[PDB]
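entry30.cif, holding mmCIF, C-alpha atoms and all ligand atoms:
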```cif
data_protein
#
loop_
_atom_site.label_atom_id
_atom_site.label_comp_id
_atom_site.auth_asym_id
_atom_site.auth_seq_id
_atom_site.Cartn_x
_atom_site.Cartn_y
_atom_site.Cartn_z
CA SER A 1 -13.63 -41.76 -56.04
CA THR A 2 -15.63 -41.10 -52.87
CA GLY A 3 -16.18 -38.43 -50.25
CA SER A 4 -17.36 -38.32 -46.65
CA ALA A 5 -18.15 -35.33 -44.45
CA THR A 6 -19.54 -34.89 -40.95
CA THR A 7 -22.73 -32.83 -40.62
CA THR A 8 -23.56 -31.11 -37.33
CA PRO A 9 -26.83 -29.62 -36.00
CA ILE A 10 -26.71 -25.84 -35.76
CA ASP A 11 -28.55 -25.69 -32.42
CA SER A 12 -30.11 -27.80 -29.67
CA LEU A 13 -33.33 -28.41 -31.66
CA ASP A 14 -31.74 -29.74 -34.89
CA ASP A 15 -33.22 -26.82 -36.83
CA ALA A 16 -30.61 -27.35 -39.57
CA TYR A 17 -27.36 -29.19 -40.23
CA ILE A 18 -24.12 -27.65 -41.50
CA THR A 19 -21.33 -29.47 -43.34
CA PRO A 20 -17.87 -27.98 -44.02
CA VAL A 21 -17.13 -27.42 -47.70
CA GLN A 22 -13.82 -26.33 -49.24
CA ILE A 23 -14.12 -23.73 -52.03
CA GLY A 24 -11.28 -22.18 -54.01
CA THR A 25 -7.49 -22.38 -54.16
CA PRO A 26 -6.22 -22.07 -51.51
CA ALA A 27 -9.24 -23.59 -49.79
CA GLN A 28 -11.81 -21.35 -48.12
CA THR A 29 -13.88 -23.47 -45.74
CA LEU A 30 -17.56 -22.58 -45.43
CA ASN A 31 -20.26 -24.37 -43.44
CA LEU A 32 -23.07 -25.11 -45.89
CA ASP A 33 -26.59 -26.47 -45.42
CA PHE A 34 -26.95 -29.55 -47.65
CA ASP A 35 -30.41 -29.24 -49.19
CA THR A 36 -31.95 -32.07 -51.24
CA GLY A 37 -34.94 -29.77 -51.91
CA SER A 38 -33.07 -27.24 -54.06
CA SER A 39 -30.39 -27.23 -56.74
CA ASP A 40 -28.27 -24.09 -56.24
CA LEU A 41 -24.90 -23.84 -54.51
CA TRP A 42 -24.92 -20.29 -53.18
CA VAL A 43 -22.69 -18.70 -50.55
CA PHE A 44 -22.27 -15.50 -48.62
CA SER A 45 -19.40 -13.65 -50.27
CA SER A 46 -17.37 -10.45 -50.33
CA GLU A 47 -20.08 -9.27 -52.76
CA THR A 48 -22.94 -9.59 -50.26
CA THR A 49 -24.41 -6.32 -48.97
CA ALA A 50 -22.46 -5.49 -45.82
CA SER A 51 -25.59 -4.79 -43.76
CA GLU A 52 -26.92 -8.25 -44.72
CA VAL A 53 -23.96 -10.15 -43.19
CA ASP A 54 -23.83 -10.91 -39.44
CA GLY A 55 -20.97 -13.25 -38.51
CA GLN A 56 -21.04 -15.57 -41.52
CA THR A 57 -17.85 -16.75 -43.16
CA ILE A 58 -17.71 -15.27 -46.66
CA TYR A 59 -16.29 -16.61 -49.92
CA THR A 60 -13.80 -14.18 -51.48
CA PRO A 61 -13.33 -15.10 -55.16
CA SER A 62 -10.55 -12.51 -55.54
CA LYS A 63 -8.36 -14.63 -53.23
CA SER A 64 -8.92 -17.85 -55.21
CA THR A 65 -6.52 -18.56 -58.07
CA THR A 66 -9.09 -20.95 -59.62
CA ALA A 67 -12.15 -18.67 -59.49
CA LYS A 68 -13.57 -17.43 -62.80
CA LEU A 69 -16.52 -15.10 -63.25
CA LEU A 70 -19.28 -16.76 -65.27
CA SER A 71 -19.79 -13.71 -67.44
CA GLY A 72 -23.40 -12.56 -67.73
CA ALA A 73 -24.88 -15.25 -65.48
CA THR A 74 -27.25 -14.35 -62.65
CA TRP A 75 -29.32 -16.32 -60.17
CA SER A 76 -32.41 -15.61 -58.09
CA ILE A 77 -34.09 -18.13 -55.81
CA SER A 78 -37.05 -18.11 -53.43
CA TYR A 79 -37.67 -20.90 -50.92
CA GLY A 80 -40.99 -22.27 -49.70
CA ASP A 81 -40.64 -20.42 -46.39
CA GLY A 82 -40.36 -17.03 -48.12
CA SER A 83 -36.56 -16.83 -47.94
CA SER A 84 -34.71 -15.53 -50.99
CA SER A 85 -31.27 -14.58 -52.32
CA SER A 86 -29.65 -13.53 -55.59
CA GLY A 87 -26.36 -12.49 -57.17
CA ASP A 88 -23.83 -13.40 -59.83
CA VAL A 89 -22.02 -16.66 -60.58
CA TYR A 90 -18.41 -17.82 -60.40
CA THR A 91 -16.88 -21.16 -61.27
CA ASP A 92 -14.36 -22.60 -58.84
CA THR A 93 -13.02 -25.79 -57.32
CA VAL A 94 -15.26 -27.31 -54.63
CA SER A 95 -14.37 -30.21 -52.32
CA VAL A 96 -16.62 -32.11 -49.91
CA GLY A 97 -14.87 -34.53 -47.58
CA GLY A 98 -12.06 -35.25 -50.02
CA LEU A 99 -14.31 -35.33 -53.12
CA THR A 100 -13.23 -32.57 -55.50
CA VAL A 101 -15.13 -31.06 -58.45
CA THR A 102 -13.49 -28.50 -60.73
CA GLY A 103 -15.50 -25.83 -62.49
CA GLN A 104 -18.44 -25.98 -60.09
CA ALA A 105 -20.87 -23.09 -60.34
CA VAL A 106 -20.60 -21.08 -57.11
CA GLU A 107 -23.42 -18.56 -56.90
CA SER A 108 -22.25 -15.46 -55.03
CA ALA A 109 -25.04 -13.85 -53.02
CA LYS A 110 -25.26 -10.09 -53.45
CA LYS A 111 -28.59 -9.92 -51.59
CA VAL A 112 -29.96 -12.32 -48.97
CA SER A 113 -33.22 -12.29 -47.05
CA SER A 114 -33.40 -11.44 -43.36
CA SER A 115 -33.76 -15.06 -42.21
CA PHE A 116 -30.33 -15.94 -43.65
CA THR A 117 -28.67 -12.83 -42.20
CA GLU A 118 -29.82 -13.62 -38.65
CA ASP A 119 -28.51 -17.23 -38.93
CA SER A 120 -24.77 -16.75 -38.40
CA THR A 121 -24.05 -20.49 -38.40
CA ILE A 122 -25.05 -21.13 -42.04
CA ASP A 123 -22.67 -19.73 -44.68
CA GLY A 124 -24.72 -20.99 -47.63
CA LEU A 125 -26.65 -23.81 -49.25
CA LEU A 126 -25.52 -26.79 -51.30
CA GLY A 127 -28.39 -28.01 -53.44
CA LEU A 128 -28.74 -31.74 -54.08
CA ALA A 129 -32.06 -31.90 -55.95
CA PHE A 130 -32.05 -32.41 -59.72
CA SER A 131 -30.30 -29.84 -61.88
CA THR A 132 -33.53 -28.94 -63.69
CA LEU A 133 -34.36 -26.74 -60.66
CA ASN A 134 -31.14 -24.69 -60.81
CA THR A 135 -31.91 -20.98 -61.13
CA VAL A 136 -28.85 -19.77 -63.06
CA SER A 137 -29.76 -17.75 -66.16
CA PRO A 138 -29.31 -17.79 -69.09
CA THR A 139 -27.24 -21.01 -68.86
CA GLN A 140 -28.56 -23.49 -66.29
CA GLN A 141 -25.87 -25.01 -64.07
CA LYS A 142 -25.34 -28.49 -62.67
CA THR A 143 -25.32 -29.41 -58.99
CA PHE A 144 -22.28 -30.65 -57.12
CA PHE A 145 -23.70 -34.19 -57.22
CA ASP A 146 -24.30 -34.04 -60.97
CA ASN A 147 -20.78 -32.77 -61.67
CA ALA A 148 -19.24 -35.40 -59.38
CA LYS A 149 -21.35 -38.28 -60.73
CA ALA A 150 -19.00 -39.54 -63.43
CA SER A 151 -16.02 -39.83 -61.07
CA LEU A 152 -17.97 -41.41 -58.20
CA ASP A 153 -17.56 -45.13 -57.62
CA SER A 154 -21.38 -45.35 -57.52
CA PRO A 155 -23.74 -42.49 -58.46
CA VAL A 156 -25.19 -42.28 -54.94
CA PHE A 157 -25.00 -40.20 -51.82
CA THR A 158 -26.34 -41.05 -48.38
CA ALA A 159 -27.75 -38.92 -45.56
CA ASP A 160 -27.24 -40.17 -42.00
CA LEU A 161 -28.55 -37.32 -39.85
CA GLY A 162 -28.16 -37.50 -36.09
CA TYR A 163 -30.70 -36.78 -33.37
CA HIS A 164 -29.09 -33.98 -31.30
CA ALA A 165 -25.79 -35.38 -32.57
CA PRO A 166 -23.47 -35.13 -35.59
CA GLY A 167 -24.08 -37.27 -38.64
CA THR A 168 -22.57 -38.14 -42.01
CA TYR A 169 -23.01 -37.30 -45.69
CA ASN A 170 -21.28 -39.88 -47.88
CA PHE A 171 -20.75 -39.62 -51.65
CA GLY A 172 -20.08 -42.56 -53.94
CA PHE A 173 -20.50 -45.50 -51.56
CA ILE A 174 -22.97 -47.09 -49.14
CA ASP A 175 -21.64 -47.71 -45.62
CA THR A 176 -23.10 -51.09 -44.70
CA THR A 177 -22.08 -50.57 -41.05
CA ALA A 178 -24.30 -47.47 -40.74
CA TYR A 179 -27.69 -49.23 -40.72
CA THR A 180 -29.49 -52.34 -39.49
CA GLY A 181 -31.38 -54.87 -41.58
CA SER A 182 -31.97 -54.28 -45.28
CA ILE A 183 -32.35 -51.14 -47.37
CA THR A 184 -35.80 -50.79 -48.94
CA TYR A 185 -35.68 -48.97 -52.27
CA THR A 186 -38.65 -47.12 -53.77
CA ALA A 187 -39.19 -45.34 -57.06
CA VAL A 188 -38.52 -41.62 -57.56
CA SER A 189 -40.35 -39.23 -59.86
CA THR A 190 -38.11 -36.45 -61.19
CA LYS A 191 -41.01 -34.68 -62.92
CA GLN A 192 -40.91 -31.69 -60.55
CA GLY A 193 -37.13 -31.78 -60.04
CA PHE A 194 -37.40 -33.14 -56.48
CA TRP A 195 -36.54 -36.46 -54.87
CA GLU A 196 -40.26 -37.23 -54.99
CA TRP A 197 -41.59 -40.59 -53.82
CA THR A 198 -44.73 -42.27 -52.48
CA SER A 199 -45.02 -43.48 -48.90
CA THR A 200 -47.25 -46.51 -48.40
CA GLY A 201 -49.03 -45.39 -45.22
CA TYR A 202 -48.62 -44.53 -41.58
CA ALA A 203 -49.35 -45.40 -37.97
CA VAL A 204 -49.64 -43.36 -34.78
CA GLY A 205 -47.95 -44.84 -31.72
CA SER A 206 -48.88 -48.50 -31.31
CA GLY A 207 -52.01 -48.08 -33.45
CA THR A 208 -52.96 -49.94 -36.61
CA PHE A 209 -51.05 -49.14 -39.78
CA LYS A 210 -53.23 -47.24 -42.27
CA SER A 211 -52.38 -48.20 -45.85
CA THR A 212 -52.65 -45.03 -47.94
CA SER A 213 -50.48 -43.41 -50.58
CA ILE A 214 -48.69 -40.23 -49.47
CA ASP A 215 -46.74 -38.45 -52.20
CA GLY A 216 -43.94 -36.27 -50.89
CA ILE A 217 -40.34 -35.19 -51.24
CA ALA A 218 -37.24 -36.17 -49.26
CA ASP A 219 -35.87 -32.78 -48.20
CA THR A 220 -32.82 -32.49 -45.94
CA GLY A 221 -33.22 -28.70 -46.08
CA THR A 222 -36.61 -28.72 -44.34
CA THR A 223 -36.69 -29.13 -40.57
CA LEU A 224 -40.15 -30.56 -39.91
CA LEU A 225 -42.45 -33.24 -41.33
CA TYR A 226 -45.32 -31.77 -43.41
CA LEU A 227 -48.16 -34.20 -44.13
CA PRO A 228 -51.82 -34.00 -45.21
CA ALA A 229 -54.31 -32.54 -42.76
CA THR A 230 -56.04 -35.89 -42.21
CA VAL A 231 -52.82 -37.60 -41.12
CA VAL A 232 -51.67 -34.70 -38.93
CA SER A 233 -55.06 -34.43 -37.22
CA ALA A 234 -55.02 -38.17 -36.43
CA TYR A 235 -51.56 -37.83 -34.87
CA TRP A 236 -52.26 -34.83 -32.66
CA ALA A 237 -55.63 -36.22 -31.54
CA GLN A 238 -53.60 -38.73 -29.49
CA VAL A 239 -51.84 -35.97 -27.49
CA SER A 240 -53.75 -34.61 -24.50
CA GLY A 241 -54.26 -30.87 -24.86
CA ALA A 242 -52.81 -30.57 -28.36
CA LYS A 243 -54.47 -28.04 -30.66
CA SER A 244 -53.80 -26.14 -33.86
CA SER A 245 -52.96 -22.52 -33.01
CA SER A 246 -53.51 -19.78 -35.58
CA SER A 247 -51.31 -17.31 -33.67
CA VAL A 248 -48.37 -19.73 -33.49
CA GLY A 249 -48.88 -21.15 -36.98
CA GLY A 250 -49.32 -24.85 -36.31
CA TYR A 251 -50.01 -27.55 -33.77
CA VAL A 252 -48.77 -26.95 -30.22
CA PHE A 253 -49.01 -29.22 -27.20
CA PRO A 254 -48.46 -28.98 -23.44
CA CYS A 255 -44.75 -29.39 -22.78
CA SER A 256 -45.67 -31.86 -20.00
CA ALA A 257 -47.21 -34.30 -22.50
CA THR A 258 -45.38 -37.35 -23.82
CA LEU A 259 -45.53 -37.77 -27.57
CA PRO A 260 -46.38 -40.98 -29.43
CA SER A 261 -44.12 -42.25 -32.15
CA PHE A 262 -44.98 -41.88 -35.84
CA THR A 263 -44.46 -44.68 -38.36
CA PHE A 264 -44.30 -44.14 -42.12
CA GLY A 265 -44.22 -46.84 -44.78
CA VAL A 266 -41.58 -47.47 -47.44
CA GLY A 267 -42.90 -50.21 -49.67
CA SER A 268 -43.47 -53.08 -47.24
CA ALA A 269 -40.98 -51.65 -44.72
CA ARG A 270 -41.69 -49.36 -41.77
CA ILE A 271 -39.63 -46.44 -40.45
CA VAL A 272 -40.41 -45.46 -36.84
CA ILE A 273 -39.90 -41.85 -35.73
CA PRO A 274 -39.55 -41.81 -31.91
CA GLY A 275 -41.88 -39.40 -30.15
CA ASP A 276 -38.97 -37.40 -28.73
CA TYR A 277 -37.99 -36.44 -32.30
CA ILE A 278 -41.32 -34.62 -32.71
CA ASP A 279 -40.78 -32.29 -29.70
CA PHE A 280 -39.43 -28.91 -30.81
CA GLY A 281 -39.55 -27.27 -27.40
CA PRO A 282 -41.32 -24.24 -25.97
CA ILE A 283 -42.78 -21.78 -28.46
CA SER A 284 -41.10 -19.03 -26.41
CA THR A 285 -38.63 -18.98 -23.53
CA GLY A 286 -40.36 -20.13 -20.37
CA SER A 287 -43.61 -21.07 -22.12
CA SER A 288 -45.41 -24.27 -21.16
CA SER A 289 -46.68 -24.70 -24.74
CA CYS A 290 -44.37 -26.70 -27.01
CA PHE A 291 -44.18 -26.74 -30.81
CA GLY A 292 -44.87 -29.94 -32.73
CA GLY A 293 -42.56 -31.50 -35.30
CA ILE A 294 -45.40 -32.84 -37.48
CA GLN A 295 -47.41 -30.12 -39.21
CA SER A 296 -49.99 -29.85 -41.98
CA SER A 297 -48.90 -29.49 -45.60
CA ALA A 298 -52.22 -27.90 -46.61
CA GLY A 299 -50.73 -24.41 -46.86
CA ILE A 300 -47.73 -25.65 -48.86
CA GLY A 301 -49.25 -27.79 -51.62
CA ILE A 302 -46.69 -30.59 -51.29
CA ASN A 303 -45.87 -33.09 -48.55
CA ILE A 304 -42.34 -32.79 -47.17
CA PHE A 305 -40.37 -35.57 -45.47
CA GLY A 306 -37.98 -33.21 -43.70
CA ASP A 307 -35.26 -33.76 -41.11
CA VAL A 308 -37.72 -35.02 -38.47
CA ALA A 309 -38.38 -38.07 -40.66
CA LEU A 310 -35.01 -38.48 -42.40
CA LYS A 311 -32.95 -38.50 -39.19
CA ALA A 312 -34.86 -41.61 -38.11
CA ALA A 313 -33.37 -43.50 -41.07
CA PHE A 314 -30.31 -44.16 -43.16
CA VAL A 315 -31.31 -42.68 -46.53
CA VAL A 316 -29.76 -43.52 -49.91
CA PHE A 317 -30.18 -41.02 -52.75
CA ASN A 318 -29.51 -43.24 -55.79
CA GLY A 319 -28.77 -41.01 -58.77
CA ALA A 320 -28.64 -43.79 -61.34
CA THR A 321 -30.29 -43.32 -64.74
CA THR A 322 -33.44 -44.60 -63.05
CA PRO A 323 -33.22 -42.79 -59.68
CA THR A 324 -34.41 -44.46 -56.48
CA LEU A 325 -34.58 -43.70 -52.76
CA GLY A 326 -33.40 -46.24 -50.19
CA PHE A 327 -34.50 -46.26 -46.55
CA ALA A 328 -33.05 -48.33 -43.73
CA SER A 329 -33.54 -48.44 -39.99
CA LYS A 330 -30.52 -47.50 -37.89
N1 LIG A 401 -35.54 -27.26 -48.85
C1 LIG A 401 -35.78 -26.67 -50.16
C2 LIG A 401 -37.27 -26.54 -50.45
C3 LIG A 401 -38.03 -25.57 -49.81
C4 LIG A 401 -39.38 -25.44 -50.08
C5 LIG A 401 -39.98 -26.29 -51.00
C6 LIG A 401 -41.47 -26.18 -51.32
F1 LIG A 401 -42.08 -25.34 -50.43
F2 LIG A 401 -41.61 -25.67 -52.58
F3 LIG A 401 -42.04 -27.41 -51.26
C7 LIG A 401 -39.22 -27.26 -51.64
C8 LIG A 401 -37.87 -27.38 -51.36
#
```

Can the structure in the file be given as structure tokens, please?
Amino acid sequence: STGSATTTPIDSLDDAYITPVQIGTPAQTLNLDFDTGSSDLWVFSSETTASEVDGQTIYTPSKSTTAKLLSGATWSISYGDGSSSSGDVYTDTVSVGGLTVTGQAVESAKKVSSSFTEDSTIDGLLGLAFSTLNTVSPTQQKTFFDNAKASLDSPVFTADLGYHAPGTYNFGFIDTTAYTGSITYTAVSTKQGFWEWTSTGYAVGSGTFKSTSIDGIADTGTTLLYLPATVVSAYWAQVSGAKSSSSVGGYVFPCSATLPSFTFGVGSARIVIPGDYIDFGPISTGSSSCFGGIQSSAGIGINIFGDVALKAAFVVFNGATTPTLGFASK
């Protein structure tokens, strides 16, 4: 079997993408953030603290004939940006774009951090990293992708994120009309539980390609591109008036500047990120300083190929016994 669902940016800057997901019987439709950097499916629910909910759609397990409490199980998760959430665990039926999994662990949030509460467009997260990162205790739970794997035509899913436009998440098949040229596959290390891979180098604008190995993760749940300080300094040095700001927390640039493109390597192939993709707009309403989409990973400890990079490509997450990542121009 297969599934296909449209994913839509939550705002005019593509800060995140939400995808409708059906949970329970009868279906309760929630808009979830598909996150290849984590492995928990957690949702706002009727069990979330009332003061911590501001306009989100909530999952109500008491109205689902298929919901079962996973007795004794708890979850607690903290994201790299400081966000966090925790609660208990139900099992229920979950469908994405026609693809249905029964007995999927649905982690009901009793407490959520402030950054989730103030984001009324995101009802929860659907983790698509490897199940070794799932935070359910004492019995670790499988992701939606892992549970669906056996019934999928092919053990793959693809991310086709749009620039200021809707895109597509496909499960179980590769849409050969969605990309141009060939798909370049590259090896994945699962050692840390991420879709971790090694980029073969980079170029800034029309400059020479610098062959160097950049280890990083493919993370649909991260907005920006986080790369080593040397790479990020070489990019912003080409933008008149750009500078790293301690008060803002990253590189900013005059909104009147035009940004060069950024090229990253996948084996022998090249993926070009247009300069417009790196513009994240004024740091405050009416400001003439704009925030950059390429930032240093030095504070984080891991390089992150977030939405800025992934939306420039058609990306195949191949969950075969030897996992691989495929990149194609589109
Ligand atoms: N989008 C999920 C996510 C968030 C943060 C990290 C970090 F910071 F640990 F790299 C990995 C994955």

Enumerate, as a PDB file with C-alpha atoms, in the frame of the given file, the protein, DNA and RNA residues whose atoms approach (-51.2, -33.0, -43.8) to within 7 Å, taking into account all atoms listed in the file and the coordinate frame of the file.
```
ATOM      1  CA  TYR A 226     -45.320 -31.770 -43.410  1.00  0.00           C
ATOM      2  CA  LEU A 227     -48.160 -34.200 -44.130  1.00  0.00           C
ATOM      3  CA  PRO A 228     -51.820 -34.000 -45.210  1.00  0.00           C
ATOM      4  CA  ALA A 229     -54.310 -32.540 -42.760  1.00  0.00           C
ATOM      5  CA  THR A 230     -56.040 -35.890 -42.210  1.00  0.00           C
ATOM      6  CA  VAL A 231     -52.820 -37.600 -41.120  1.00  0.00           C
ATOM      7  CA  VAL A 232     -51.670 -34.700 -38.930  1.00  0.00           C
ATOM      8  CA  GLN A 295     -47.410 -30.120 -39.210  1.00  0.00           C
ATOM      9  CA  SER A 296     -49.990 -29.850 -41.980  1.00  0.00           C
ATOM     10  CA  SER A 297     -48.900 -29.490 -45.600  1.00  0.00           C
ATOM     11  CA  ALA A 298     -52.220 -27.900 -46.610  1.00  0.00           C
TER      12      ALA A 298
END
```

**OP:** Go ahead and find all residues with at least one atom no further than 12 Å from (-13.1, -24.5, -44.9) in the file's coordinates, using only C-alpha atoms; report them as a ChimeraX atom specification.
**Re:** /A:5,18-32,57-59,94-98,123

**OP:** Residues within 9 Å of ligand LIG 401 (chain A) should be enumerated using only C-alpha atoms and all ligand atoms and returned as a PyMOL selection string.
**Re:** chain A and resi 34-39+78-82+127+129+194+217+219-223+300-304+306

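When CA of residue 292 (chain A) is paired with CA of residue 249 (chain A), their separation reads 10.6 Å.
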
Original post:
Do you know which residues are at most 7 Å from region 102-112 of chain A counting only C-alpha atoms, after dropping those on the same chain fewer than 6 positions away, and could you put them as a PyMOL selection string?
Top reply: chain A and resi 41-45+47-49+52+84-94+141+144

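The residue that comes closest to residue 308 (chain A), out of A:283, A:162, A:184, A:121 and on the basis of only C-alpha atoms, is A:162.
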
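Atom pair CA of residue 265 (chain A) / CA of residue 211 (chain A) has a distance of 8.3 Å (rounded to one decimal).
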
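Proximity to residue 11 (chain A) was assessed for A:50, A:70, A:133, A:165 counting all atoms listed in the file; the smallest distance is recorded for A:165.
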
Subject >> Long-range neighbours of residue 202 (chain A) as a VMD selection string, 7 Å cut-off, all atoms listed in the file, 2 positions minimum in chain >> reply: chain A and resid 204 209 to 211 263 to 265

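The space between CA of residue 205 (chain A) and CA of residue 262 (chain A) spans 5.9 Å.
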
**OP:** Go through A:273, A:312, A:255, A:99 and flag the residue nearest residue 286 (chain A), using only C-alpha atoms for the distances.
**Re:** A:255

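Comparing the minimum interatomic distances between residue 197 (chain A) and each of A:324, A:268, A:154, A:51, counting all atoms listed in the file, we find that A:324 sits nearest.
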
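In this comparison, which uses only C-alpha atoms, the residue of A:168, A:305, A:117, A:280 approaching residue 215 (chain A) most closely is A:305.
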
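Candidate residues A:151, A:316, A:203, A:1 were compared for distance to residue 176 (chain A), and the nearest is A:316, using all atoms listed in the file.
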
Original post:
Do you know which residues are at most 8 Å from residue 122 (chain A) counting all atoms listed in the file, after dropping those on the same chain fewer than 2 positions away, and could you put them as a PyMOL selection string?
Top reply: chain A and resi 18+31-33+56+116+119-120+124-125

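The list of residues with at least one atom within 12 Å of residue 177 (chain A), based on all atoms listed in the file and without residues fewer than 2 positions apart in the same chain, reads residues 160, 173, 174, 175, 179, 180, 181, 182, 314, 328, 329 and 330 of chain A.
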
Go ahead and write the selection's residues with C-alpha atoms as a PDB file, in the frame of the given file.
```pdb
ATOM      1  CA  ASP A 160     -27.240 -40.170 -42.000  1.00  0.00           C
ATOM      2  CA  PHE A 173     -20.500 -45.500 -51.560  1.00  0.00           C
ATOM      3  CA  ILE A 174     -22.970 -47.090 -49.140  1.00  0.00           C
ATOM      4  CA  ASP A 175     -21.640 -47.710 -45.620  1.00  0.00           C
ATOM      5  CA  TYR A 179     -27.690 -49.230 -40.720  1.00  0.00           C
ATOM      6  CA  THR A 180     -29.490 -52.340 -39.490  1.00  0.00           C
ATOM      7  CA  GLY A 181     -31.380 -54.870 -41.580  1.00  0.00           C
ATOM      8  CA  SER A 182     -31.970 -54.280 -45.280  1.00  0.00           C
ATOM      9  CA  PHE A 314     -30.310 -44.160 -43.160  1.00  0.00           C
ATOM     10  CA  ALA A 328     -33.050 -48.330 -43.730  1.00  0.00           C
ATOM     11  CA  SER A 329     -33.540 -48.440 -39.990  1.00  0.00           C
ATOM     12  CA  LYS A 330     -30.520 -47.500 -37.890  1.00  0.00           C
TER      13      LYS A 330
END
```
